[PDB]
Amino acid sequence: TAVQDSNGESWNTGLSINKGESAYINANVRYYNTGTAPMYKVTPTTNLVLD
Amino acid sequence: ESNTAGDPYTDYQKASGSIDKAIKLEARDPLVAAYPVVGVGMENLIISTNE
């Protein structure tokens, strides 16, 4: 006749990533005007070049 | 015909230059059409494997 008593304890940590959308970019920008006329509703189109 | 070359501008508009000033001086002839020939070329191609 035997009687066992047990007491466990565990702690896990994980870290996942998606290799297609693994980060987000945020660019702080500012517009400049060096002409003779003002421009209303300024809508620039920019490139983001890396290497 | 008022538009001999078949383009959006009439014989008088082409011959007098009374059109867009970015149009080549070739196309000021009523026989040469004002016509853009636009193409696209690929520089490189990036693949984002989403695993």
# chains A, B, ... in the order shown; residues from 1 in each chain; ligands from 1
>>> residues_around(residues="residue 1 (chain B)", least_positions_apart="4", cutoff="12 Å", atoms="only C-alpha atoms", output="VMD selection string")
chain B and resid 5 to 7 9 to 12 30 to 31
>>> interface_residues(of="chain A", to="chain B", cutoff="7 Å", atoms="only C-alpha atoms", output="PyMOL selection string")
chain A and resi 18-20
>>> residues_around(residues="region 24-29 of chain B", least_positions_apart="5", cutoff="9 Å", atoms="only C-alpha atoms", output="PyMOL selection string")
chain B and resi 11+13-17+19+34-35
>>> write_last_selection(atoms="N, CA, C and O atoms", output="compact mmCIF listing (two decimals), in the first residue's frame")
# COMPACT_ATOMS: atom_id res chain seq x y z
N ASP B 11 -6.71 71.18 -86.72
CA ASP B 11 -5.65 71.64 -87.61
C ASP B 11 -5.16 73.03 -87.21
O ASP B 11 -3.96 73.30 -87.20
N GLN B 13 -5.44 74.50 -84.20
CA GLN B 13 -4.80 74.49 -82.89
C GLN B 13 -3.37 73.98 -82.99
O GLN B 13 -2.47 74.48 -82.31
N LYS B 14 -3.13 72.97 -83.83
CA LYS B 14 -1.78 72.46 -83.99
C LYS B 14 -0.91 73.44 -84.77
O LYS B 14 0.23 73.71 -84.39
N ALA B 15 -1.44 73.98 -85.87
CA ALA B 15 -0.61 74.80 -86.75
C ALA B 15 -0.26 76.13 -86.11
O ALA B 15 0.82 76.68 -86.34
N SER B 16 -1.16 76.67 -85.29
CA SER B 16 -0.89 77.94 -84.63
C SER B 16 -0.16 77.77 -83.31
O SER B 16 0.16 78.78 -82.68
N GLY B 17 0.10 76.54 -82.88
CA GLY B 17 0.71 76.32 -81.59
C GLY B 17 -0.20 76.58 -80.41
O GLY B 17 0.27 76.60 -79.28
N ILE B 19 -1.83 75.12 -78.31
CA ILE B 19 -2.05 73.90 -77.54
C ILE B 19 -1.11 73.90 -76.35
O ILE B 19 -0.43 74.90 -76.08
N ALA B 34 -0.32 64.30 -82.10
CA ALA B 34 0.12 64.41 -80.72
C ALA B 34 -0.23 63.11 -80.01
O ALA B 34 -1.41 62.78 -79.85
N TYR B 35 0.78 62.37 -79.59
CA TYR B 35 0.55 60.99 -79.18
C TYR B 35 1.60 60.58 -78.16
O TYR B 35 2.80 60.60 -78.46
>>> atom_distance(atom1="CA of residue 15 (chain A)", atom2="CA of residue 51 (chain A)")
28.0 Å
